[PDB]
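Just below is one structure, and these are the notes that go with it.
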Amino acid sequence: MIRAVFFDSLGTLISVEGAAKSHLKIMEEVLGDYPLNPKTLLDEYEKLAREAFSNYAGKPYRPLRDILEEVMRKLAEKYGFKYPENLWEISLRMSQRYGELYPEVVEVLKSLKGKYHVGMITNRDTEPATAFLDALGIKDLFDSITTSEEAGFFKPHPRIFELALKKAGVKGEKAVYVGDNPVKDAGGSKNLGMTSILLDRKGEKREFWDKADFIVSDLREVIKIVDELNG
Ligand SMILES: [Ca+2]
């Protein structure tokens with residue numbers, strides 16, 4: 001029996017497009033009148049951020065604030081602009097201003113309540129992740145929010161999934177994990193017996209579909225999978 005449904009954050013519940021807009025707005029704020037195209041700065045930021053995602057995946061937790069201050073110090077040195085004071089506060093403000101949910105999220109979370117434990121599993125730090133969910137009005141639609149900061153390790157290390165399952169009070173075989181990252185994200189979930197659902201919104205990850213138990217393009221399909229597993 002499936003008793004718990006856990007969701008990834010960025011790309012699953014939280015819009016990639018809203019995150020990109022919030023990051024562009026951060027770059028615009030950092031640069032001010034400095035004569036660098038903010039879109040160019042953004043692309044270089046995202047490259048370094050991806051190379052940090054890769055380096056820390058599955059590793060012991062390190063605060064995201066520290067990782068992103070390191071990235072931005074490299075960029076300021078490279079391009080000659082002043083390193084921005086209070087960067088974390090700028091980033092929190094912009095993220096809450098321009099962040100968005102995918103359009104089906106509220107419907108989906110509400111459909112599961114009272115039937116399954118509903119959880120989010122994220123690599124983000126606890127306070128910002130929880131504050132963001134509160135700003136978007138859905139914090140109370142979750143039974144659990146489990147973070148790398150709580151577990152001590154980033155996805156796909158099993159410990160973060162182990163903690164989410166302990167909060168729900170069930171073995172992995174009784175849970176689904178839904179996320180958009182085939183690589184460097186769901187591996188620990190399969191270690192523990194969870195059923196993996198790969199969310200591929202644009203049909204762009206076909207070469208990795210064999211890594212997952214089920215593939216969906218819309219979160220409204222998740223409850224149909226869970227019902228079928230339970231029927
Ligand atoms: Ca993701």
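In the structure tokens, chains take letters A, B, ... by order of appearance, with residues numbered from 1 within each chain and ligands from 1 in the order shown.
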Cut-off 12 Å, only C-alpha atoms and all ligand atoms, neighbours of ligand 1 as a JSON list (two decimals) with N, CA and C atoms, in the first residue's frame:
[["chain", "number", "residue", "atom", "x", "y", "z"],
["A", 7, "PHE", "N", 7.56, 14.97, -2.78],
["A", 7, "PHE", "CA", 7.84, 15.78, -3.95],
["A", 7, "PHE", "C", 9.17, 16.50, -3.81],
["A", 8, "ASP", "N", 9.94, 16.51, -4.89],
["A", 8, "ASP", "CA", 11.02, 17.46, -5.10],
["A", 8, "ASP", "C", 10.45, 18.88, -5.17],
["A", 9, "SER", "N", 11.36, 19.85, -5.07],
["A", 9, "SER", "CA", 11.02, 21.27, -5.06],
["A", 9, "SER", "C", 11.16, 21.91, -6.44],
["A", 10, "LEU", "N", 12.36, 22.38, -6.77],
["A", 10, "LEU", "CA", 12.56, 23.10, -8.02],
["A", 10, "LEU", "C", 12.36, 22.18, -9.22],
["A", 11, "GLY", "N", 11.55, 22.63, -10.17],
["A", 11, "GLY", "CA", 11.24, 21.85, -11.34],
["A", 11, "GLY", "C", 10.08, 20.90, -11.18],
["A", 12, "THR", "N", 9.65, 20.67, -9.94],
["A", 12, "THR", "CA", 8.55, 19.76, -9.64],
["A", 12, "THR", "C", 7.37, 20.56, -9.10],
["A", 13, "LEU", "N", 7.49, 21.17, -7.91],
["A", 13, "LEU", "CA", 6.46, 22.08, -7.42],
["A", 13, "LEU", "C", 6.74, 23.52, -7.79],
["A", 14, "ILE", "N", 8.01, 23.92, -7.84],
["A", 14, "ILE", "CA", 8.39, 25.31, -7.98],
["A", 14, "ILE", "C", 8.90, 25.52, -9.39],
["A", 15, "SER", "N", 8.36, 26.53, -10.05],
["A", 15, "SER", "CA", 8.66, 26.80, -11.45],
["A", 15, "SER", "C", 10.10, 27.17, -11.75],
["A", 16, "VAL", "N", 10.69, 26.46, -12.73],
["A", 16, "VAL", "CA", 12.01, 26.82, -13.25],
["A", 16, "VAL", "C", 11.98, 28.22, -13.84],
["A", 19, "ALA", "N", 12.10, 30.79, -11.15],
["A", 19, "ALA", "CA", 13.43, 30.87, -10.56],
["A", 19, "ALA", "C", 14.38, 31.62, -11.49],
["A", 53, "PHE", "N", 26.21, 22.32, -7.97],
["A", 53, "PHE", "CA", 25.22, 21.26, -7.74],
["A", 53, "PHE", "C", 25.87, 19.89, -7.90],
["A", 120, "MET", "N", 7.56, 17.28, 1.18],
["A", 120, "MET", "CA", 8.54, 17.87, 0.27],
["A", 120, "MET", "C", 9.94, 17.48, 0.75],
["A", 121, "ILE", "N", 10.82, 17.12, -0.19],
["A", 121, "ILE", "CA", 12.21, 16.79, 0.10],
["A", 121, "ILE", "C", 13.07, 17.70, -0.77],
["A", 122, "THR", "N", 13.89, 18.52, -0.13],
["A", 122, "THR", "CA", 14.65, 19.56, -0.81],
["A", 122, "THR", "C", 16.09, 19.67, -0.31],
["A", 123, "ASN", "N", 16.97, 20.07, -1.23],
["A", 123, "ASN", "CA", 18.35, 20.38, -0.88],
["A", 123, "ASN", "C", 18.51, 21.76, -0.26],
["A", 124, "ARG", "N", 17.48, 22.61, -0.31],
["A", 124, "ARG", "CA", 17.60, 23.95, 0.23],
["A", 124, "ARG", "C", 17.61, 23.94, 1.75],
["A", 155, "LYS", "N", 20.69, 15.34, -1.36],
["A", 155, "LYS", "CA", 20.24, 14.33, -2.31],
["A", 155, "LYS", "C", 21.38, 14.07, -3.30],
["A", 156, "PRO", "N", 21.53, 12.84, -3.79],
["A", 156, "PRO", "CA", 20.70, 11.65, -3.56],
["A", 156, "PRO", "C", 21.14, 10.75, -2.40],
["A", 177, "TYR", "N", 8.29, 8.87, -4.60],
["A", 177, "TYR", "CA", 9.03, 10.11, -4.70],
["A", 177, "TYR", "C", 8.91, 10.62, -6.13],
["A", 178, "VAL", "N", 8.46, 11.87, -6.27],
["A", 178, "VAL", "CA", 8.23, 12.51, -7.56],
["A", 178, "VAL", "C", 9.25, 13.63, -7.72],
["A", 179, "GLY", "N", 10.02, 13.60, -8.81],
["A", 179, "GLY", "CA", 10.99, 14.65, -9.06],
["A", 179, "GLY", "C", 11.39, 14.69, -10.52],
["A", 180, "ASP", "N", 12.06, 15.79, -10.88],
["A", 180, "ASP", "CA", 12.40, 16.03, -12.27],
["A", 180, "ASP", "C", 13.86, 15.77, -12.59],
["A", 181, "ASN", "N", 14.66, 15.30, -11.63],
["A", 181, "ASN", "CA", 16.08, 15.04, -11.85],
["A", 181, "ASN", "C", 16.35, 13.54, -11.89],
["A", 182, "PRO", "N", 16.56, 12.94, -13.06],
["A", 182, "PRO", "CA", 16.89, 11.51, -13.06],
["A", 182, "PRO", "C", 18.22, 11.25, -12.40],
["A", 183, "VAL", "N", 19.21, 12.08, -12.73],
["A", 183, "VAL", "CA", 20.57, 11.97, -12.25],
["A", 183, "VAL", "C", 20.73, 12.85, -11.02],
["A", 184, "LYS", "N", 21.54, 12.37, -10.07],
["A", 184, "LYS", "CA", 21.95, 13.15, -8.90],
["A", 184, "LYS", "C", 20.76, 13.63, -8.06],
["A", 185, "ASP", "N", 19.67, 12.87, -8.03],
["A", 185, "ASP", "CA", 18.56, 13.29, -7.19],
["A", 185, "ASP", "C", 17.78, 12.15, -6.55],
["A", 186, "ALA", "N", 17.29, 11.18, -7.33],
["A", 186, "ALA", "CA", 16.37, 10.15, -6.83],
["A", 186, "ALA", "C", 17.05, 8.84, -6.46],
["A", 198, "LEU", "N", 9.41, 9.96, -12.39],
["A", 198, "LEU", "CA", 10.16, 11.02, -13.05],
["A", 198, "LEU", "C", 9.17, 11.96, -13.72],
["A", 199, "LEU", "N", 9.23, 13.23, -13.34],
["A", 199, "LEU", "CA", 8.45, 14.29, -13.96],
["A", 199, "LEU", "C", 9.26, 14.89, -15.10],
["A", 200, "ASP", "N", 8.75, 14.73, -16.32],
["A", 200, "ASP", "CA", 9.39, 15.25, -17.53],
["A", 200, "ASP", "C", 8.35, 16.12, -18.23],
["A", 201, "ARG", "N", 8.30, 17.40, -17.82],
["A", 201, "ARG", "CA", 7.26, 18.32, -18.27],
["A", 201, "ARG", "C", 7.31, 18.57, -19.77]]
Mind checking which residues fall within 9 Å of residue 25 (chain A), counting only C-alpha atoms, ignoring those fewer than 4 positions away in the same chain, and posting them as a PyMOL selection string?
chain A and resi 20-21+29-30+38+91+94+98
Selection file, N, CA, C and O atoms, as a CSV table (one decimal), in the first residue's frame:
chain,number,residue,atom,x,y,z
A,20,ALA,N,14.3,31.4,-12.8
A,20,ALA,CA,15.1,32.1,-13.7
A,20,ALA,C,14.9,33.6,-13.7
A,20,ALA,O,15.8,34.4,-13.8
A,21,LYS,N,13.6,34.0,-13.6
A,21,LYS,CA,13.3,35.4,-13.5
A,21,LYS,C,13.8,36.0,-12.2
A,21,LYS,O,14.4,37.1,-12.2
A,29,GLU,N,19.9,43.6,-9.9
A,29,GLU,CA,20.1,44.4,-8.7
A,29,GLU,C,21.6,44.5,-8.3
A,29,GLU,O,22.1,45.6,-7.9
A,30,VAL,N,22.3,43.4,-8.4
A,30,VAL,CA,23.7,43.4,-8.1
A,30,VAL,C,24.5,44.3,-8.9
A,30,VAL,O,25.4,45.0,-8.5
A,38,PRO,N,23.1,41.9,-17.8
A,38,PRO,CA,22.8,41.0,-16.7
A,38,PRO,C,22.4,39.6,-17.1
A,38,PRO,O,22.6,38.6,-16.4
A,91,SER,N,18.7,38.0,-2.4
A,91,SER,CA,18.3,36.8,-3.1
A,91,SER,C,17.0,36.2,-2.5
A,91,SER,O,16.1,35.7,-3.2
A,94,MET,N,14.1,38.6,-3.8
A,94,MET,CA,13.8,38.3,-5.2
A,94,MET,C,13.1,37.0,-5.4
A,94,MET,O,12.2,36.9,-6.2
A,98,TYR,N,9.3,36.8,-7.1
A,98,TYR,CA,9.1,36.2,-8.5
A,98,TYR,C,9.0,34.7,-8.5
A,98,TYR,O,8.7,34.2,-9.6
Name the residues of region 12-91 of chain A that fall into alpha helix (DSSP H) according to DSSP on the backbone, using the chain letters and numbers of this document, as an MDAnalysis selection string.
chainID A and resid 16:31 38:56 64:79 87:91
DSSP says strand (DSSP E or B) for which residues of chain A? Put them as a ChimeraX atom specification?
/A:4-7,10,14,60,101,117-122,144-147,153,175-179,195-199,214-216
Check the smallest atom-to-atom distance from each of A:92, A:136, A:57, A:31 to residue 76 (chain A) using only C-alpha atoms, then report the winner.
A:31
Env of residue 224 (chain A): 12 Å cut, atoms = only C-alpha atoms, seq-sep filter 3 positions within chain, self excluded. Answer as a list in words.
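Answer for this query is residues 2, 108, 111, 112, 197, 214, 216, 218, 219, 220, 221, 227, 228, 229, 230 and 231 of chain A.
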Would you export the selected residues with C-alpha atoms as a PDB file, in the first residue's frame, please?
ATOM      1  CA  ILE A   2       1.203   3.494  -0.865  1.00  0.00           C
ATOM      2  CA  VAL A 108      -2.612  18.143  -6.516  1.00  0.00           C
ATOM      3  CA  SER A 111      -6.224  16.078  -3.567  1.00  0.00           C
ATOM      4  CA  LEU A 112      -3.811  13.999  -1.523  1.00  0.00           C
ATOM      5  CA  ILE A 197       8.167   8.930 -10.583  1.00  0.00           C
ATOM      6  CA  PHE A 214       6.938   5.724 -13.892  1.00  0.00           C
ATOM      7  CA  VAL A 216       4.658  11.749 -16.003  1.00  0.00           C
ATOM      8  CA  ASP A 218       1.927  16.708 -15.250  1.00  0.00           C
ATOM      9  CA  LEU A 219       1.556  16.258 -11.483  1.00  0.00           C
ATOM     10  CA  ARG A 220      -2.178  15.483 -11.872  1.00  0.00           C
ATOM     11  CA  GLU A 221      -1.057  12.041 -13.095  1.00  0.00           C
ATOM     12  CA  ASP A 227      -4.541   4.816  -6.888  1.00  0.00           C
ATOM     13  CA  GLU A 228      -3.518   2.132  -9.372  1.00  0.00           C
ATOM     14  CA  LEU A 229      -0.751   0.875  -7.087  1.00  0.00           C
ATOM     15  CA  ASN A 230      -3.336   0.648  -4.300  1.00  0.00           C
ATOM     16  CA  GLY A 231      -6.028  -0.919  -6.471  1.00  0.00           C
TER      17      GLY A 231
END
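Once residue 78 (chain A) and its same-chain neighbours fewer than 3 positions away are set aside, residues 36, 41, 44, 45, 71, 72, 73, 74, 75, 81, 82 and 83 of chain A remain within 12 Å of it when counting only C-alpha atoms.
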Shortest interatomic distance to residue 1 (chain A) - which of A:146, A:189, A:126, A:195, counting only C-alpha atoms:
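For residue 1 (chain A), the nearest of the candidates is A:195.
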Which residue of A:188, A:137, A:203, A:119 approaches residue 3 (chain A) most closely, using only C-alpha atoms:
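Of the candidates, the smallest distance to residue 3 (chain A) is held by A:119.
CA of residue 173 (chain A) sits 26.1 Å away from CA of residue 61 (chain A).
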